[PDB]
There are 2 protein chains.
Amino acid sequence: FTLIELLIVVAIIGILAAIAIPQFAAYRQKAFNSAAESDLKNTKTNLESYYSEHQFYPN
Amino acid sequence: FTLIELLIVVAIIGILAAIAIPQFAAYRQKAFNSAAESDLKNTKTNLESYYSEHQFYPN
């Protein structure tokens, strides 16, 4: 209710809004690379599964 | 502790939960076919065993 208090509130809000958030692009790239890894491993397993019914890999 | 971090966590969880698991029906069908193969081979061996005590196959 005092013009000093509101100015201090504005200053503290400006201080708090400048917090450095963590990097997110690399964080998501981690998940993307893990997805690629899992896909490759599952593809290897599926290919070796196919090599059981017949005696040759695809093509 | 920041609403941005929790949203990124939700996004990464959604990314990780969509991983393509390997096909399993064919994997189990492999074992089923192998069981059939082994059963047939053992049946042949048992029939030739019976053909030793007597001089005719069953029936």
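Residues numbered from 1 in each chain as written, not as in the entry; some residues may be left out. Chains lettered and ligands numbered in written order. Part of a larger assembly, values for the part shown. Heavy atoms only, no water.

- Structure determination for this entry is recorded as cryo-EM, at 3.6 Å resolution.

## Section: the relation of the copies chain A and chain B
Next up, step 1: When chain A is fitted to chain B, the best match, at an RMSD of 0.0 Å, comes from turning it 85° and sliding it 30 Å along the axis.
Next up, step 2: Interface overlap between copies is the fraction of interface residues in one copy that are interface residues in the other; for chain A against chain B it is only 13%, indicating separate surfaces. (Least-squares fit on C-alpha atoms. Contact = heavy atoms within 4.5 Å.)

## Some remarks on unusual backbone geometry
All names here are of chain A.
Next up, step 1: A positive phi angle, close to 65°, is found at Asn-59, a residue other than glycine.
Next up, step 2: On the secondary structure map, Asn-59 appears in the segment after helix 2 (25–53).
Next up, step 3: Take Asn-59: its relative accessible area is 100%, and that puts it in the exposed class. (Helix = DSSP H or I, 4+ residues; strand = E, 2+ residues; numbered from the N terminus. Buried < 20%, exposed > 50% of the residue type's maximum accessible area, 1.4 Å probe, protein only.)

## Overview of the packing of aromatic side chains
Residue and element names in this part refer to chain A.
Next up, step 1: Using the criterion set out here, one finds four aromatic pairs over all chains in the structure.
Next up, step 2: With 6.0 Å between their ring centres and 85° between their planes, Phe-24 and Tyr-27 make a pair best called edge-to-face.
Next up, step 3: By relative accessible area, which is 39% here, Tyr-27 ends up partly exposed. (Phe/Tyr/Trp six-rings, centres within 6.5 Å; stacked < 30°, edge-to-face > 60°.)

## A word on the interface of chain A and chain B
Next up, step 1: Contacts between the two partners involve 15 residues from chain A, matched on the other side by twelve residues from chain B.
Next up, step 2: Between chain A and chain B the total buried area reaches about 1200 Å² when both faces are included, carbon and sulfur atoms providing 71% of it.
Next up, step 3: At the junction of chain A with chain B, the criterion picks out one salt bridge.
Next up, step 4: Put simply, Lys30(B) and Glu53(A) hold a salt bridge, and the shortest N to O gap is 2.7 Å.
Next up, step 5: For the interface between chain A and chain B, the tally reads four residue pairs in polar contact. (Buried area = accessible area lost by both parts, 1.4 Å probe. Salt bridge = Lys/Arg side-chain N within 4 Å of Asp/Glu carboxyl O. Polar contact = N/O pair within 3.5 Å; in protein donor to acceptor, adjacent residues only side chain to side chain.)

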